[PDB]
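For reference, the structure discussed in these notes is given below.
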Amino acid sequence: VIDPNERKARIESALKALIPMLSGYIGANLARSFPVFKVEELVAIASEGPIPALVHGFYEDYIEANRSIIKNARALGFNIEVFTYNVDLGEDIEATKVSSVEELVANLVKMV
RNA sequence: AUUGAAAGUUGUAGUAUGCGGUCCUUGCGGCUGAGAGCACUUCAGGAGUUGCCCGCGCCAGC
């Protein structure tokens with residue numbers, strides 16, 4: 001319904017909304033607490049159509065589950081683009097080794 | 001009003017006194033309203049249905 005440029009700008013705004021997410025701007029009591037934040041590791045998949053939800057990082061062996069859910073999804077015929085930070089994720093998987101959070105957002109907005 | 005004139009055929013009298021139509025007598029004895037009989041046989045309370053969607057326990061706290 002809206003102009004295509006409006007849709008695009010909304011897309012990059014939503015993607016860049018993650019910049020004040022992994023920097024320590026979550027939760028409440030920011031004035032006094034402002035928690036000591038660091039991103040230990042992360043894995044992201046972009047794709048274009050419907051893809052299965054990634055496994056939560058709560059579990060201890062979620063890296064193996066992520067590898068198994070990525071390789072087989074790509075084998076099934078999904079054009080999934082994978083970005084990894086501080087996660088090996090094997091060697092046979094074409095995954096972009098990102099270095100931070102904002103450049104991950106740059107990679108996401110590259111494919112708009 | 002004369003073959004006429006006056007002239008009770010009358011008085012008293014229980015056809016009565018007593019006397020069980022009576023005595024004895026099972027309408028009685030024996031007798032299955034009885035024997036055989038599925039109110040049975042076949043039946044989905046069934047198909048479809050998000051208890052959904054939005055939500056800072058929040059901001060000032062030597």
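Residues in the structure tokens are numbered from 1 in each chain, the chains being A, B, ... in the order shown, and ligands are numbered from 1 in the order shown.
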Item to complete: Run DSSP on the backbone and grab whatever in segment 35-81 of chain A lands in strand (DSSP E or B); send it over as number ranges by chain.
Response: A: 42-45
Worksheet item: Skipping near chain neighbours, those fewer than 6 positions away, what residues fall within 10 Å of residue 106 of chain A using only C-alpha atoms (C1' of nucleotides), listed as a PyMOL selection string?
Response: chain A and resi 12+15-16+112
Those selected residues, please, written with N, CA, C and O atoms and delivered as a PDB file, in the first residue's frame.
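Done, and the output landed in part-v9.pdb:
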ATOM      1  N   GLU A  12      15.208  -0.921   6.697  1.00  0.00           N
ATOM      2  CA  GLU A  12      16.494  -0.612   7.328  1.00  0.00           C
ATOM      3  C   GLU A  12      16.316  -0.045   8.730  1.00  0.00           C
ATOM      4  O   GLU A  12      17.171  -0.274   9.589  1.00  0.00           O
ATOM      5  N   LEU A  15      15.884  -3.083  10.896  1.00  0.00           N
ATOM      6  CA  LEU A  15      17.151  -3.799  11.030  1.00  0.00           C
ATOM      7  C   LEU A  15      18.117  -3.062  11.950  1.00  0.00           C
ATOM      8  O   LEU A  15      18.792  -3.684  12.779  1.00  0.00           O
ATOM      9  N   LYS A  16      18.202  -1.738  11.820  1.00  0.00           N
ATOM     10  CA  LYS A  16      19.099  -0.944  12.647  1.00  0.00           C
ATOM     11  C   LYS A  16      18.572  -0.739  14.059  1.00  0.00           C
ATOM     12  O   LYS A  16      19.316  -0.250  14.915  1.00  0.00           O
ATOM     13  N   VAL A 112      18.989  -5.757   1.486  1.00  0.00           N
ATOM     14  CA  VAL A 112      17.719  -5.042   1.666  1.00  0.00           C
ATOM     15  C   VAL A 112      16.523  -5.977   1.832  1.00  0.00           C
ATOM     16  O   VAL A 112      15.389  -5.525   1.992  1.00  0.00           O
TER      17      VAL A 112
END
Determine, using only C-alpha atoms (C1' of nucleotides), which residues of chain A have any atom at most 9 Å from an atom of chain B, and tabulate each with its shortest atom pair and distance in Å to one decimal place, rows ordered by chain and then rising number, as JSON lines.
{"residue": "A:27", "atom": "CA", "partner": "B:56", "partner_atom": "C1'", "distance": 7.7}
{"residue": "A:28", "atom": "CA", "partner": "B:56", "partner_atom": "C1'", "distance": 7.2}
{"residue": "A:29", "atom": "CA", "partner": "B:59", "partner_atom": "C1'", "distance": 8.8}
Preceding selection exported with N, CA, C and O atoms as a PDB file, in the first residue's frame:
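What ended up in part_11.pdb:
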ATOM      1  N   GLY A  27      16.283  -3.750  29.018  1.00  0.00           N
ATOM      2  CA  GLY A  27      15.827  -3.712  30.389  1.00  0.00           C
ATOM      3  C   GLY A  27      15.519  -2.301  30.867  1.00  0.00           C
ATOM      4  O   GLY A  27      15.400  -1.352  30.094  1.00  0.00           O
ATOM      5  N   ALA A  28      15.389  -2.185  32.182  1.00  0.00           N
ATOM      6  CA  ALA A  28      15.086  -0.925  32.842  1.00  0.00           C
ATOM      7  C   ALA A  28      16.233  -0.542  33.773  1.00  0.00           C
ATOM      8  O   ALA A  28      17.258  -1.223  33.844  1.00  0.00           O
ATOM      9  N   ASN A  29      16.040   0.565  34.491  1.00  0.00           N
ATOM     10  CA  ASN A  29      17.035   1.090  35.428  1.00  0.00           C
ATOM     11  C   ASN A  29      18.368   1.330  34.718  1.00  0.00           C
ATOM     12  O   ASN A  29      19.421   0.839  35.131  1.00  0.00           O
TER      13      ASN A  29
END
Worksheet item: Where in chain A does DSSP assign alpha helix (DSSP H), given as JSON, numbers by chain?
Response: {"A": [4, 5, 6, 7, 8, 9, 10, 11, 12, 13, 14, 15, 16, 62, 63, 64, 65, 66, 67, 68, 69, 70, 71, 72, 73, 74, 75, 76, 102, 103, 104, 105, 106, 107, 108, 109, 110]}
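Using only C-alpha atoms, the shortest contact distance between residue 104 of chain A and any of A:11, A:22, A:69, A:50 is found at A:22.
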Item to complete: For atom CA of residue 44 of chain A and atom CA of residue 1 of chain A, quote the distance in Å rounded to one decimal.
Response: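 Straight-line distance from atom CA of residue 44 of chain A to atom CA of residue 1 of chain A works out to 29.5 Å.
In this structure, atom CA of residue 37 of chain A sits 15.8 Å away from atom CA of residue 86 of chain A.
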